[PDB]
$ cat my_file_10.txt   # compact mmCIF, C-alpha atoms
# COMPACT_ATOMS: atom_id res chain seq x y z
CA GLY T 1 92.64 119.12 74.05
CA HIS T 2 96.01 120.22 72.76
CA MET T 3 96.36 123.47 74.70
CA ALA T 4 95.53 121.68 77.95
CA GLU T 5 97.94 118.82 77.22
CA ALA T 6 100.68 121.34 76.51
CA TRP T 7 100.20 123.03 79.90
CA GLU T 8 100.28 119.55 81.39
CA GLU T 9 103.57 118.72 79.63
CA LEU T 10 105.03 121.99 81.01
CA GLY T 11 103.93 120.92 84.49
CA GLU T 12 105.66 117.56 83.92
CA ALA T 13 108.89 119.24 82.74
CA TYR T 14 108.98 121.56 85.79
CA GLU T 15 107.87 118.80 88.17
CA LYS T 16 110.75 116.61 87.04
CA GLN T 17 113.22 119.42 87.95
CA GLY T 18 112.00 119.95 91.55
CA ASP T 19 110.13 123.12 90.57
CA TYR T 20 106.90 122.01 92.32
CA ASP T 21 105.39 125.42 92.87
CA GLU T 22 105.77 126.04 89.12
CA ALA T 23 104.71 122.55 87.98
CA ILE T 24 101.53 122.79 90.05
CA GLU T 25 100.75 126.18 88.57
CA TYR T 26 100.97 124.67 85.06
CA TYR T 27 99.02 121.50 85.96
CA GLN T 28 96.35 123.85 87.37
CA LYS T 29 96.26 125.74 84.07
CA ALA T 30 95.89 122.46 82.19
CA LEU T 31 92.99 121.52 84.43
CA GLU T 32 91.29 124.90 84.06
CA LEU T 33 91.23 124.27 80.32
CA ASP T 34 90.31 120.55 80.52
CA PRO T 35 88.97 119.50 83.96
CA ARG T 36 88.13 116.03 82.51
CA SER T 37 91.76 115.04 81.88
CA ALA T 38 92.37 112.09 84.22
CA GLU T 39 96.12 112.12 83.41
CA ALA T 40 96.49 115.76 84.39
CA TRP T 41 94.84 115.13 87.77
CA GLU T 42 97.12 112.13 88.24
CA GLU T 43 100.23 114.15 87.53
CA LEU T 44 99.10 116.91 89.82
CA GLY T 45 98.66 114.21 92.49
CA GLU T 46 102.13 112.84 91.71
CA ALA T 47 103.62 116.33 92.23
CA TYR T 48 102.28 116.32 95.81
CA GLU T 49 103.22 112.69 96.37
CA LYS T 50 106.83 113.35 95.30
CA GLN T 51 106.96 116.03 98.03
CA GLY T 52 105.55 113.66 100.68
CA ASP T 53 102.09 115.33 100.87
CA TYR T 54 99.97 112.19 100.65
CA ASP T 55 96.70 113.86 101.66
CA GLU T 56 96.78 116.34 98.77
CA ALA T 57 98.08 113.65 96.42
CA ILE T 58 95.19 111.39 97.33
CA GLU T 59 92.58 114.04 96.63
CA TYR T 60 93.85 114.45 93.06
CA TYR T 61 94.39 110.73 92.48
CA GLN T 62 90.74 110.22 93.47
CA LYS T 63 89.64 112.73 90.86
CA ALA T 64 91.79 110.96 88.17
CA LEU T 65 90.30 107.61 89.03
CA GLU T 66 86.74 108.90 89.01
CA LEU T 67 87.32 110.30 85.52
CA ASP T 68 88.78 107.07 84.10
CA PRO T 69 88.02 104.08 86.39
CA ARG T 70 89.13 101.60 83.69
CA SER T 71 92.77 102.65 84.19
CA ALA T 72 94.60 100.04 86.24
CA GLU T 73 97.31 102.66 86.80
CA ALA T 74 94.80 105.04 88.44
CA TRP T 75 93.90 102.34 90.98
CA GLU T 76 97.53 101.40 91.50
CA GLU T 77 98.64 105.01 92.16
CA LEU T 78 96.04 105.29 94.94
CA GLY T 79 97.06 101.96 96.40
CA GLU T 80 100.67 103.14 96.50
CA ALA T 81 99.71 106.36 98.34
CA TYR T 82 97.75 104.40 100.94
CA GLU T 83 100.58 101.92 101.36
CA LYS T 84 102.92 104.87 102.12
CA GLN T 85 100.55 106.12 104.89
CA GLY T 86 100.36 102.62 106.44
CA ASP T 87 96.78 102.12 105.25
CA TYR T 88 97.54 98.58 104.16
CA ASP T 89 93.98 97.23 103.94
CA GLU T 90 92.94 100.06 101.65
CA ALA T 91 96.18 99.67 99.62
CA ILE T 92 95.25 96.03 99.15
CA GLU T 93 91.74 96.88 97.96
CA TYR T 94 93.04 99.32 95.35
CA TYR T 95 95.77 96.94 94.15
CA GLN T 96 93.25 94.09 93.85
CA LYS T 97 91.15 96.25 91.53
CA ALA T 98 94.22 97.24 89.54
CA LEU T 99 95.05 93.55 89.10
CA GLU T 100 91.52 92.74 87.92
CA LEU T 101 91.94 95.38 85.17
CA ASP T 102 95.58 94.69 84.30
CA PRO T 103 96.61 91.24 85.60
CA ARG T 104 99.96 91.36 83.76
CA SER T 105 101.17 94.33 85.86
CA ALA T 106 104.32 92.91 87.54
CA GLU T 107 104.64 96.13 89.51
CA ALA T 108 101.10 95.84 90.92
CA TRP T 109 101.76 92.24 91.97
CA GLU T 110 104.95 93.26 93.73
CA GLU T 111 103.22 96.17 95.43
CA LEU T 112 100.48 93.82 96.63
CA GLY T 113 103.23 91.61 98.01
CA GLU T 114 104.77 94.52 99.96
CA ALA T 115 101.39 95.42 101.50
CA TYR T 116 100.97 91.87 102.84
CA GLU T 117 104.60 91.73 103.98
CA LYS T 118 104.03 94.91 105.99
CA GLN T 119 101.07 93.22 107.76
CA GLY T 120 103.31 90.23 108.62
CA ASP T 121 101.59 87.96 106.05
CA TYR T 122 104.67 86.31 104.57
CA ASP T 123 102.81 83.41 102.94
CA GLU T 124 100.74 85.78 100.80
CA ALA T 125 103.65 88.15 100.23
CA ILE T 126 105.62 85.19 98.85
CA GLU T 127 102.83 84.27 96.39
CA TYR T 128 102.67 87.82 95.05
CA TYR T 129 106.43 88.33 94.71
CA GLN T 130 106.60 84.97 92.92
CA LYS T 131 103.89 86.15 90.55
CA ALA T 132 105.71 89.43 89.95
CA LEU T 133 108.95 87.54 89.15
CA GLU T 134 107.15 85.26 86.66
CA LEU T 135 105.91 88.40 84.88
CA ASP T 136 109.23 90.30 85.13
CA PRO T 137 112.16 88.10 86.26
CA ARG T 138 114.46 91.14 86.14
CA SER T 139 112.91 92.84 89.16
CA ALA T 140 115.64 92.96 91.82
CA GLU T 141 112.97 94.39 94.08
CA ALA T 142 110.75 91.32 93.79
CA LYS T 143 113.72 88.95 94.25
CA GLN T 144 114.99 90.68 97.43
CA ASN T 145 111.52 90.87 98.92
CA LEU T 146 110.99 87.21 98.10
CA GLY T 147 114.20 86.39 100.03
CA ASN T 148 113.33 88.60 103.02
CA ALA T 149 109.82 87.16 103.10
CA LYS T 150 111.27 83.63 102.99
CA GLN T 151 113.65 84.30 105.93
CA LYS T 152 110.93 86.07 107.93
CA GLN T 153 108.90 82.88 107.56
CA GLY T 154 111.13 79.84 106.97
CA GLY J 1 116.63 118.64 69.73
CA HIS J 2 112.84 118.61 69.17
CA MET J 3 112.73 115.25 67.35
CA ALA J 4 114.48 113.50 70.26
CA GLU J 5 112.30 115.35 72.77
CA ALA J 6 109.20 114.12 70.93
CA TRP J 7 110.33 110.48 71.23
CA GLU J 8 110.92 111.15 74.95
CA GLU J 9 107.35 112.50 75.30
CA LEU J 10 106.00 109.46 73.43
CA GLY J 11 107.92 107.32 75.96
CA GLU J 12 106.27 109.29 78.76
CA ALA J 13 102.78 108.91 77.25
CA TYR J 14 103.07 105.10 77.18
CA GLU J 15 104.73 104.92 80.56
CA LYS J 16 101.64 106.58 82.14
CA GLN J 17 99.50 103.62 81.01
CA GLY J 18 102.03 101.23 82.61
CA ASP J 19 103.30 100.32 79.11
CA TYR J 20 106.97 100.11 80.10
CA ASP J 21 108.04 98.04 77.07
CA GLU J 22 106.83 100.59 74.57
CA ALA J 23 108.13 103.40 76.85
CA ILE J 24 111.64 101.90 76.76
CA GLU J 25 111.44 101.49 72.97
CA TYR J 26 110.69 105.18 72.55
CA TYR J 27 113.20 106.45 75.13
CA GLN J 28 115.87 104.47 73.29
CA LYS J 29 114.79 106.04 70.01
CA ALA J 30 115.23 109.47 71.65
CA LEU J 31 118.77 108.49 72.68
CA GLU J 32 119.66 107.32 69.15
CA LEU J 33 118.72 110.78 67.87
CA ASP J 34 120.35 112.70 70.73
CA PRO J 35 122.77 110.55 72.79
CA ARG J 36 124.08 113.65 74.60
CA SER J 37 120.78 114.43 76.41
CA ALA J 38 121.38 113.76 80.10
CA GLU J 39 117.62 113.99 80.75
CA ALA J 40 116.85 111.22 78.24
CA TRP J 41 119.31 108.78 79.84
CA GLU J 42 117.71 109.67 83.21
CA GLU J 43 114.20 108.94 81.83
CA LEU J 44 115.37 105.54 80.66
CA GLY J 45 116.96 104.92 84.05
CA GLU J 46 113.74 105.98 85.82
CA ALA J 47 111.76 103.53 83.68
CA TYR J 48 113.94 100.64 84.92
CA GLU J 49 113.88 101.86 88.51
CA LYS J 50 110.07 102.06 88.43
CA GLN J 51 110.02 98.36 87.49
CA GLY J 52 112.48 97.32 90.23
CA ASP J 53 115.31 96.78 87.70
CA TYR J 54 117.98 98.62 89.71
CA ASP J 55 121.01 97.17 87.87
CA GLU J 56 119.84 98.61 84.54
CA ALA J 57 118.72 101.87 86.16
CA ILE J 58 122.23 102.40 87.55
CA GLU J 59 123.87 101.85 84.16
CA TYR J 60 121.64 104.59 82.64
CA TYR J 61 121.96 107.03 85.56
CA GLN J 62 125.74 106.70 85.39
CA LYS J 63 125.54 107.68 81.69
CA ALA J 64 123.35 110.67 82.53
CA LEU J 65 125.94 111.88 85.08
CA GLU J 66 128.82 111.44 82.65
CA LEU J 67 126.98 113.91 80.43
CA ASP J 68 125.81 116.24 83.25
CA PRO J 69 127.84 115.71 86.45
CA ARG J 70 126.07 118.74 88.00
CA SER J 71 122.60 117.16 87.87
CA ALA J 72 121.43 116.92 91.48
CA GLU J 73 118.39 114.93 90.42
CA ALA J 74 120.56 112.36 88.63
CA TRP J 75 122.80 111.92 91.70
CA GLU J 76 119.64 111.51 93.79
CA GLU J 77 118.24 108.86 91.46
CA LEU J 78 121.56 106.98 91.45
CA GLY J 79 121.49 107.08 95.25
CA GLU J 80 117.94 105.72 95.28
CA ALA J 81 118.90 102.74 93.10
CA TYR J 82 121.75 101.80 95.44
CA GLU J 83 119.60 102.41 98.51
CA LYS J 84 116.83 100.15 97.21
CA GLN J 85 119.49 97.41 96.73
CA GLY J 86 120.65 97.91 100.36
CA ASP J 87 123.95 99.61 99.41
CA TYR J 88 123.53 102.42 101.94
CA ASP J 89 127.10 103.70 101.95
CA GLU J 90 127.03 104.29 98.18
CA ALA J 91 123.49 105.63 98.41
CA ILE J 92 124.66 108.16 101.00
CA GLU J 93 127.66 109.27 98.95
CA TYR J 94 125.36 110.02 96.03
CA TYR J 95 122.65 111.66 98.15
CA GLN J 96 125.33 113.92 99.66
CA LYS J 97 126.55 114.89 96.18
CA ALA J 98 122.99 115.76 95.25
CA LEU J 99 122.52 117.83 98.38
CA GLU J 100 125.79 119.72 97.81
CA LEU J 101 124.62 120.56 94.28
CA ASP J 102 121.10 121.61 95.37
CA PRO J 103 120.74 122.08 99.18
CA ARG J 104 117.24 123.52 98.68
CA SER J 105 115.95 120.05 97.66
CA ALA J 106 113.80 118.79 100.52
CA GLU J 107 113.85 115.32 98.94
CA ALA J 108 117.67 115.09 99.07
CA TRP J 109 117.61 115.82 102.83
CA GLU J 110 114.72 113.42 103.41
CA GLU J 111 116.37 110.57 101.49
CA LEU J 112 119.58 111.04 103.48
CA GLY J 113 117.50 110.97 106.66
CA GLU J 114 115.96 107.66 105.53
CA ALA J 115 119.38 106.16 104.82
CA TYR J 116 120.77 107.23 108.20
CA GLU J 117 117.65 105.91 109.93
CA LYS J 118 118.14 102.49 108.26
CA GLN J 119 121.75 102.45 109.52
CA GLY J 120 120.67 103.28 113.10
CA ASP J 121 121.95 106.88 113.13
CA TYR J 122 118.69 108.26 114.53
CA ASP J 123 120.02 111.59 115.88
CA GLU J 124 121.50 112.46 112.50
CA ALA J 125 118.38 111.13 110.71
CA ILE J 126 116.29 113.49 112.86
CA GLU J 127 118.44 116.48 111.91
CA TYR J 128 118.10 115.58 108.22
CA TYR J 129 114.30 115.13 108.47
CA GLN J 130 114.07 118.49 110.25
CA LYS J 131 115.94 120.16 107.41
CA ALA J 132 113.61 118.50 104.89
CA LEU J 133 110.64 119.80 106.86
CA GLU J 134 112.11 123.30 107.02
CA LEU J 135 112.12 123.26 103.20
CA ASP J 136 108.84 121.30 102.75
CA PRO J 137 106.69 121.62 105.89
CA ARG J 138 103.77 119.74 104.30
CA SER J 139 105.79 116.49 103.90
CA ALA J 140 103.77 113.90 105.85
CA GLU J 141 106.48 111.46 104.77
CA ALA J 142 109.28 113.38 106.54
CA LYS J 143 107.08 113.84 109.61
CA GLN J 144 106.20 110.12 109.77
CA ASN J 145 109.86 109.18 109.44
CA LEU J 146 110.93 111.78 112.00
CA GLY J 147 108.37 110.31 114.39
CA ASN J 148 109.67 106.78 113.84
CA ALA J 149 113.30 107.88 114.33
CA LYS J 150 112.25 109.51 117.62
CA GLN J 151 110.42 106.28 118.54
CA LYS J 152 113.51 104.11 117.86
CA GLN J 153 115.82 106.50 119.72
CA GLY J 154 114.30 106.25 123.20
$ encode --input "my_file_10.txt" --output "structure tokens"
Amino acid sequence: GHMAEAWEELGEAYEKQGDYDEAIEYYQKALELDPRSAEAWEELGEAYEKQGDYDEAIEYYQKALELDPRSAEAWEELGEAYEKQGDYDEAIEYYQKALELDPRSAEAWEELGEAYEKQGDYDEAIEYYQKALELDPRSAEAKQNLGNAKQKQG
Amino acid sequence: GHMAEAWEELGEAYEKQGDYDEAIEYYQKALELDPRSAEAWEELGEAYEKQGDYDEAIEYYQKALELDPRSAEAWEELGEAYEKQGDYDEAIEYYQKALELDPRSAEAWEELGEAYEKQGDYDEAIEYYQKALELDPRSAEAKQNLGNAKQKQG
């Protein structure tokens, strides 16, 4: 409830200032009060991810997902963490689920593209960056990747 | 004040569901009420950056810095937006500004290491990653990148 969400918001304010020790303390208080808050687990996970600790991040992202598995964002956040560890096949699995739940997520399409590009699958990567650009034609990321993919193939 | 901050938190709430359009609407509302909040311009910039819209991100981060030129985090975010566009020299200038403002930020060192690595300065990259790891020894990211730099060095 409200007290928990307020501790969470304090965590978010400290996290966003590089005060990770503090942020985590306040996320932990939020979760003591409401251990069922998927968003508070996610943000705790993000605090670790921002510091490059993917293993801790992943533990908390798993908890967030298990509490709200209908959230495309919860699947995406895990995919992103796997992609950063070089676990591309698992990244792909998570992103595929995210795209089943929220198929208009330009960011999830682009992320899927990057996973395939990292495996040397330029044909697929091109499809996904094209899809991301159709959903958000302003992504410079998707446009650059599309170009790099195209050179790396054609 | 609090009214602006509440719009900013509404922005954040929507952004966590991937709802970037509504998030931008509410961050802009916050700015209409308090256009002198550096943090609110940064939040807007971060929303664009998250979507791969680096041009727009930069415009908003520059505004943030005009209001708070001592914000290390804002310099870091500006650097990231240039880096992701492949403008490494500008990225490095901004990352160095961030580091000089807050040398205890592991992320500032790590991002400079990444930029040097991408330019082929592996010995310097290594030194930067080591500094990051001295501040944040649980960064798998820094360790992975350090390993790669070592691998590319010889």
$ closest_residue --input "my_file_10.txt" --among "T:63, T:36, T:138, T:143" --to "chain J" --atoms "only C-alpha atoms"
T:138
$ closest_atom_pairs --input "my_file_10.txt" --of "chain J" --to "chain T" --cutoff "9 Å" --atoms "all atoms listed in the file" --output "CSV"
residue,atom,partner,partner_atom,distance
J:9,CA,T:9,CA,8.5
J:16,CA,T:73,CA,7.5
J:17,CA,T:73,CA,6.3
J:18,CA,T:73,CA,6.5
J:48,CA,T:139,CA,8.9
J:50,CA,T:107,CA,8.1
J:51,CA,T:107,CA,6.2
J:52,CA,T:139,CA,4.6
J:53,CA,T:139,CA,4.8
J:54,CA,T:140,CA,6.5
J:55,CA,T:140,CA,7.9
J:73,CA,T:17,CA,7.3
J:84,CA,T:141,CA,7.6
J:85,CA,T:141,CA,7.7
J:105,CA,T:18,CA,7.3
J:106,CA,T:51,CA,7.8
J:107,CA,T:51,CA,7.0
J:136,CA,T:51,CA,7.3
J:138,CA,T:53,CA,5.8
J:139,CA,T:52,CA,4.3
J:140,CA,T:53,CA,5.4
J:141,CA,T:52,CA,4.7
J:142,CA,T:52,CA,7.0
J:144,CA,T:85,CA,8.5
$ atom_distance --input "my_file_10.txt" --atom1 "CA of residue 119 (chain T)" --atom2 "CA of residue 152 (chain T)"
12.2 Å
$ calpha_fit_rmsd --input "my_file_10.txt" --fixed "chain J" --moving "chain T"
0.6 Å
$ residues_around --input "my_file_10.txt" --residues "residue 1 (chain J)" --least-positions-apart "2" --cutoff "9 Å" --atoms "only C-alpha atoms" --output "ChimeraX atom specification"
/J:3-6,33-34,37
$ residues_around --input "my_file_10.txt" --residues "residue 35 (chain T)" --least-positions-apart "4" --cutoff "10 Å" --atoms "all atoms listed in the file" --output "list in words"
residues 4, 28, 29, 30, 31, 40, 41, 63, 64 and 67 of chain T
$ atom_distance --input "my_file_10.txt" --atom1 "CA of residue 147 (chain T)" --atom2 "CA of residue 150 (chain J)"
29.1 Å
$ build_atoms --input "my_file_10.txt" --residues "region 7-33 of chain T" --atoms "N, CA, C and O atoms" --output "CSV table (one decimal), in the coordinates of the input"
chain,number,residue,atom,x,y,z
T,7,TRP,N,100.0,122.5,78.6
T,7,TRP,CA,100.2,123.0,79.9
T,7,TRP,C,100.6,121.9,80.8
T,7,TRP,O,101.5,122.0,81.6
T,8,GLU,N,99.9,120.7,80.6
T,8,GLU,CA,100.3,119.6,81.4
T,8,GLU,C,101.7,119.1,81.2
T,8,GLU,O,102.4,118.8,82.2
T,9,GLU,N,102.2,119.2,79.9
T,9,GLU,CA,103.6,118.7,79.6
T,9,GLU,C,104.6,119.7,80.3
T,9,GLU,O,105.6,119.3,80.7
T,10,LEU,N,104.2,121.0,80.4
T,10,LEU,CA,105.0,122.0,81.0
T,10,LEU,C,105.1,121.7,82.5
T,10,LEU,O,106.2,121.7,83.1
T,11,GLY,N,104.0,121.3,83.1
T,11,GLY,CA,103.9,120.9,84.5
T,11,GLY,C,104.9,119.8,84.7
T,11,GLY,O,105.7,119.8,85.7
T,12,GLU,N,104.9,118.8,83.8
T,12,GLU,CA,105.7,117.6,83.9
T,12,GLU,C,107.1,117.9,83.8
T,12,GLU,O,107.9,117.4,84.5
T,13,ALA,N,107.5,118.8,82.9
T,13,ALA,CA,108.9,119.2,82.7
T,13,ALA,C,109.4,120.0,84.0
T,13,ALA,O,110.6,119.8,84.3
T,14,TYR,N,108.6,120.8,84.6
T,14,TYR,CA,109.0,121.6,85.8
T,14,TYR,C,109.0,120.6,87.0
T,14,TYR,O,109.8,120.7,87.9
T,15,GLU,N,108.0,119.7,87.0
T,15,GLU,CA,107.9,118.8,88.2
T,15,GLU,C,109.2,118.0,88.2
T,15,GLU,O,109.7,117.8,89.3
T,16,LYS,N,109.6,117.5,87.1
T,16,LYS,CA,110.8,116.6,87.0
T,16,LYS,C,112.1,117.3,87.4
T,16,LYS,O,113.1,116.7,87.5
T,17,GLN,N,112.0,118.7,87.6
T,17,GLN,CA,113.2,119.4,88.0
T,17,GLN,C,113.1,120.0,89.4
T,17,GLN,O,114.0,120.8,89.8
T,18,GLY,N,112.1,119.6,90.2
T,18,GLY,CA,112.0,120.0,91.6
T,18,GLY,C,111.3,121.3,91.7
T,18,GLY,O,111.3,121.9,92.8
T,19,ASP,N,110.8,121.8,90.6
T,19,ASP,CA,110.1,123.1,90.6
T,19,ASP,C,108.6,122.9,90.8
T,19,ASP,O,107.8,123.2,89.9
T,20,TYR,N,108.2,122.5,92.0
T,20,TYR,CA,106.9,122.0,92.3
T,20,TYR,C,105.9,123.1,92.3
T,20,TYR,O,104.7,122.9,91.9
T,21,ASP,N,106.3,124.3,92.8
T,21,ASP,CA,105.4,125.4,92.9
T,21,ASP,C,105.0,125.7,91.4
T,21,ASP,O,103.8,125.9,91.1
T,22,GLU,N,106.0,125.7,90.5
T,22,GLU,CA,105.8,126.0,89.1
T,22,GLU,C,104.9,125.0,88.4
T,22,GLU,O,103.9,125.3,87.9
T,23,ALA,N,105.4,123.7,88.5
T,23,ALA,CA,104.7,122.6,88.0
T,23,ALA,C,103.2,122.6,88.3
T,23,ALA,O,102.4,122.4,87.5
T,24,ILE,N,102.9,122.8,89.6
T,24,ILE,CA,101.5,122.8,90.0
T,24,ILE,C,100.8,123.9,89.4
T,24,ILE,O,99.6,123.8,89.0
T,25,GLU,N,101.4,125.1,89.3
T,25,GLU,CA,100.8,126.2,88.6
T,25,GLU,C,100.3,125.7,87.2
T,25,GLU,O,99.2,126.1,86.7
T,26,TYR,N,101.2,125.0,86.5
T,26,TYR,CA,101.0,124.7,85.1
T,26,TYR,C,100.0,123.5,84.9
T,26,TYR,O,99.2,123.5,84.1
T,27,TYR,N,100.1,122.5,85.9
T,27,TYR,CA,99.0,121.5,86.0
T,27,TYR,C,97.7,122.2,86.2
T,27,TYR,O,96.7,121.8,85.6
T,28,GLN,N,97.6,123.2,87.1
T,28,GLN,CA,96.4,123.8,87.4
T,28,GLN,C,95.8,124.6,86.1
T,28,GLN,O,94.6,124.6,85.9
T,29,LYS,N,96.7,125.1,85.3
T,29,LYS,CA,96.3,125.7,84.1
T,29,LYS,C,95.7,124.7,83.1
T,29,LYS,O,94.7,124.9,82.5
T,30,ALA,N,96.4,123.5,83.0
T,30,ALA,CA,95.9,122.5,82.2
T,30,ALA,C,94.5,122.1,82.6
T,30,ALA,O,93.6,121.9,81.8
T,31,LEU,N,94.3,122.0,83.9
T,31,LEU,CA,93.0,121.5,84.4
T,31,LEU,C,91.9,122.6,84.3
T,31,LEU,O,90.7,122.2,84.3
T,32,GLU,N,92.3,123.8,84.3
T,32,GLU,CA,91.3,124.9,84.1
T,32,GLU,C,90.7,124.8,82.6
T,32,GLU,O,89.5,124.9,82.4
T,33,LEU,N,91.6,124.4,81.7
T,33,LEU,CA,91.2,124.3,80.3
T,33,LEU,C,90.5,123.0,80.1
T,33,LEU,O,89.5,123.0,79.3
